[PDB]
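As structure tokens, the structure follows; a few thoughts come after it.
Here, each number is a calculation from the coordinates, and none is a lab measurement. With ideal geometry, Cβ positions are generated from the backbone for all residues, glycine too; neighbour counts draw on all protein chains shown.
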Number of protein chains: 2
Amino acid sequence: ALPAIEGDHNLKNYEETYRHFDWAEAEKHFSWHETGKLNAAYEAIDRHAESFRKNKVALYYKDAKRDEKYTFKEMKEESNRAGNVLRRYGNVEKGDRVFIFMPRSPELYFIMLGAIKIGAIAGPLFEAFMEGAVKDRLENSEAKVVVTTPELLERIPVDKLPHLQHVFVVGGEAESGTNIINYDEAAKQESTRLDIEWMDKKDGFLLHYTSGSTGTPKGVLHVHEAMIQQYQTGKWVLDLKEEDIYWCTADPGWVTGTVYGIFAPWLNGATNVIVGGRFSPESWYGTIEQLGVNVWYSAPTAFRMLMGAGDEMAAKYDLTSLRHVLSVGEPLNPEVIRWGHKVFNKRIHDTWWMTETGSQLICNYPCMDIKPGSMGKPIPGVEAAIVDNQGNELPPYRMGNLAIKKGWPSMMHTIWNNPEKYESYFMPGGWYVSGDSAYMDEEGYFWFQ
Amino acid sequence: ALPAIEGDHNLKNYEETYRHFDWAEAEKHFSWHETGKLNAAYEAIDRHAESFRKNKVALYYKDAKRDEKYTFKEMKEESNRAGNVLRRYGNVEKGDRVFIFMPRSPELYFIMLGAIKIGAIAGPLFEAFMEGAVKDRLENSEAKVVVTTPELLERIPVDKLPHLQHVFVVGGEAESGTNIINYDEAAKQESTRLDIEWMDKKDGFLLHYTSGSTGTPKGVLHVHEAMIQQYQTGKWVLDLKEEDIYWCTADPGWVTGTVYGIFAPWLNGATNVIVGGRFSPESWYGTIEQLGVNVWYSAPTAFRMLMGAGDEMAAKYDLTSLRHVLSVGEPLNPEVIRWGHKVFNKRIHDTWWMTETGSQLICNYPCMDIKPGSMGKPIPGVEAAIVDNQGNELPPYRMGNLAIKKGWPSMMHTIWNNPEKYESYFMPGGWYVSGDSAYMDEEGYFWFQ
């Protein structure tokens, strides 16, 4: 059991906050509580650009060809420009699905934020998807607009999708066809002021496609209200301060990079770092050393591959700027935890959630001891349990299905065009079952199986 | 008489503060007041880089070839690197004179900050100086180190200066001679951590050379304590908020671009903008529109050339971001005031000071009415008057010599290696005379002649 380290954490004590927390208190930190105008994108970007965080660096893009950095004001301007481009050329209205199919780049974030600002539902696609996956995801969602690069423009079958009107191409000298629009040319002539579509807490703003047990991808829809939890988990689990440099290594194509690489940091007003190109221990360690990254959010595969690079490889670089390390996507091996404590002299914080959950649910905390191999405890305001097939709670140390009490803000609203699968996730008694096996200890800690 | 505009200014009421202000209150905003370790460079840069302003953009640089942005952390790191370079290669110790002879560039600011951090006295030279002026200024100061560029390396007579040991060259493929060190290679191998030389309030940190009435340049020495006034005038006259973009167009070679282009903004933790290349209305208006500059500090000549450009030239660009405009270096023709109020719809704030005064003394304020053509009123904590040749105050509307009561923090400590000229600036009764004629009105406003 790795002991906790004393410090000035956002969550001072877990127990009292868990016993007393109410989501109405979390709703106080947002602008719409005082004004009534609600939008996740506005809360993530434009709220800070109109505050003392206006000139704070929001985004750090490092790539071999280009090295750029943007402030909150510049991010807001680029997002407004992208939203105007989409509204004018793609004819995107509230509720439309805008799919973004490009490698990780500042334009990706600008376009995603602009799409969400104007009321569209943004769906990111992995750059490595072939023709089949792109076809299925564009057909199921009936996506109106796709934004891509010349390299991946050949992987989209425009002729096989009657519901796809416009294709935006960023970069390169792409010839604008009947349904192809060169994004940069349109953007250069657009304004930086956007009339933001004010939304309702039950309207969707993200659409993420997951590989289902039946073999067909399903669209998970998240609503704006999820930002509430996205903010709170950004403060408790990430422990984001004002002086933190935050780096999330997950791709924006997946849910992890979209939630905790875009929204969780920027809702807290943090500084986010994205790095282009493929993985290499040289590039990652050099990025950490040069940018002085304080908060790191990565995946167990990347950490294990880091382990494969050797201890001296890390010892060649200065990693003293790091202060908080977190992992997600796979239940972490405690040997990786020992290696991290041996290299960075830090505890790697394992967190658990799924695409349907919207945000992390069961996590390790800076103020809590970390038991190696354990997922941790549910966040305050969220109730979790180990239940049988009849919805009855099981005593500790008994194997069972990991269930969460229905009703947390970051819950998925539905499964796109498949209500039966949506209702298939819930058990009698208000228990959302995740299909995963876990067991609770006598101390309240959860262990995955 | 241009009326004042209501707003949330730092100086809410001029009269009450002027009647009650004491410099001991101003001393409370600095770290040294509690810690006891005093340095102007630390207060300007490293204090903010260790606060909630760590990731705030400190410097924008823009020219025809480069476009870079630096945060307070990055500025601190570059300054520490430059200080280490100077300490190791130039053998610069406390009290030495380090002269900087280069065009405006991030390297200039890094080198000047690093020199001041290690206790040296920084002296900037105008890029347009020929061999004669550089020779006189390097001989009078007995400067140990000169830092320059390959273009201006030919304008320095190394052989004629026995007191010049090292010459640093930044950029270009300069062959390192017996006394020539190429700055970039030395910097690349140096650390970003600097053991800062903690100083005393009466030690000099700036040396500025002015054209004297006798024809020979004289070295005006300013002490660290001046930062106090440099901070206060940065808050009252500049009206710097947290969300202000500050642009000073004066060259760092002169006193104006050093006090109010380096120290006054960064002591307040503001964002400074520097633009390379020659003046052109296209470049200046585009810089204002693109960066959204809020606070502007320029010179009447630069405003007059923008007059010559025409109103239709400015009407093309977006200048709504500007909220405060100030002028210095020459009495301001009030026709320029009407033109500014016509174009930017703003009041141009004229300020008066000299190289010997260290910071502005008599200014217009955001909370005060601006009488066109008047220099304004003395800052709180500074007493000014119109005196005759015998040191007696004159009644309003009578011509006389403009004198300031001796003892303000930003006073020059001495004239370098010439005490007689230093004592020649003061009259009996504690009145420092500036050699300029001005008259007071019945309302306390000063008018230059």
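Okay, here's what the table says:
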quantity	calculated
Relative contact order computed over chain B (Cα-Cα under 8 Å; 6+ residues apart), in percent	16
Degrees, to the nearest 10: A:334-343 long Cα axis against longest axis of chain A	80
Amide H contacts of residue B:169 (H built 1.01 Å from N, under 5 Å, at least 5 apart or other chain)	B:148, B:181, B:182, B:183
Shape of the protein assembly as shown, Cα gyration tensor, a/c cut at 1.5	prolate
Shielding by partners - mean other protein chain Cβ count within 10 Å, residues of B:66-75	3
Residue closest to axis [chain A; rotation mapping onto B; Cβ; Å]	A:56, 3
Modelled FRET efficiency - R0 45 Å, residue B:282 with residue A:165, Cβ distances, 0.05 increments	0.70
Backbone N within the range B:365-382 under 15 Å of label point (7 Å from residue B:16 Cα along the Cβ vector)	B:367-368
For residue A:369, label point 7 Å along C-beta direction: distances to other copies, nm	7.3
Computed over chain B, Cα set: Rg, Dmax in Å	21.5, 64
Residues A:243, B:185, A:185 arranged by fewest to most Cβ contacts within 10 Å	B:185, A:185, A:243
Mean residue ellipticity (222 nm) of the protein assembly as shown, computed from DSSP H runs ≥ 4 via -39,500 (n - 2.57), nearest 500	-7000 deg cm²/dmol
In nm, spacing of pseudo-spin labels at residue B:424 and residue B:369 (7 Å Cα→C-beta vector)	4.2
Shielding of B:238-249 by partner chains, average beta-carbon count, 10 Å	2
7 Å along Cα→Cβ, label-point gaps from residue B:406 to other copies, nm, shortest first	8.6
Under the Karplus curve 6.51 cos²θ - 1.76 cosθ + 1.60, θ = phi - 60°, whole-Hz ³J(HN,Hα) for the range A:58-74, x wherever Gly or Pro sits	8, 10, 10, 9, 10, 8, 4, 6, 9, 10, 10, 9, 10, 8, 5, 4, 5
For residue A:426, residues with placed amide H under 5 Å, excluding near neighbours	A:433
Within the range B:31-223, percent of DSSP bridges classed antiparallel, to nearest 5	40
Burial ranking of peptide ranges A:298-304, B:48-54, A:39-45, A:125-131 (average Cβ count within 10 Å, highest at the top)	A:39-45, B:48-54, A:298-304, A:125-131
Net charge over other residues, Cβ less than 12 angstrom from the Cβ of residue A:124 (K, R count +1; D, E count -1)	+1
Under the Karplus curve 6.51 cos²θ - 1.76 cosθ + 1.60, θ = phi - 60°, whole-Hz ³J(HN,Hα) for the range A:86-92, x wherever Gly or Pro sits	5, 4, 7, 8, x, 6, 7
For residues of B:54-65, the mean tally of beta carbons on other chains within 10 Å	4
Label 7 Å beyond Cα on the Cβ vector: residue A:429 copy-to-copy distances, nm	9.4
Distant-in-sequence amide H partners of residue B:220 (H built 1.01 Å from N, under 5 Å)	B:208, B:209, B:210, B:416
Percent RCO, i.e. relative contact order, over the range B:24-169, from Cα pairs under 8 Å lying at least 6 residues apart	19
Under 28 Å from the Cα of residue B:371 - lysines, other chains or at least 8 residues apart	B:12, B:235, B:241, B:342, B:346, B:405, B:406
Estimated distance in nm for a label pair at residue B:29 and residue A:436, the labels positioned 7 Å out from Cα along Cα-to-Cβ	5.2
Distance (nanometres) between label positions extended 7 Å along Cα→Cβ at residue A:405 and residue A:193	4.8
Charge context of residue B:26, other residues only, Cβ under 12 angstrom, K/R +1, D/E -1	-2
For the range B:31-223, average projected area of the Cα convex hull in nm²	11.8
Exposure proxy order (Cβ contacts within 10 Å, fewest to most) of B:284, B:352	B:284, B:352
Full-extension gain in nm, residue A:66 to residue A:200, via 0.36 nm per residue minus C-alpha separation	44.4 nm
Rounded Å value of the spacing that divides the Cα centres of the range A:6-38 and the range A:78-110	31
Length-normalised contact order for the range A:316-394 - Cα pairs under 8 Å, 6+ apart - percent	22
DSSP-defined beta bridges in the protein assembly as shown - what % are antiparallel, rounded to 5	50
Peptides ranked, highest mean first, by Cβ atoms within 10 Å: ranges B:231-238, B:83-90	B:231-238, B:83-90
Amide N proximity, the range A:276-311 versus residue A:342 label position 7 Å along Cα-to-Cβ, cut-off under 15 Å	A:304-311
The range A:437-449 - phi-based ³J(HN,Hα) in whole Hz, Karplus 6.51/-1.76/1.60, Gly and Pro as x	9, 8, 9, 9, 9, 5, 9, x, 6, 9, 10, 8, 9
Considering only the range A:301-424, percent of DSSP beta bridges that pair antiparallel, nearest 5	75
Environment charge at residue B:195 (Cβ cut-off 14 Å; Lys +1, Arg +1, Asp -1, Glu -1)	+4
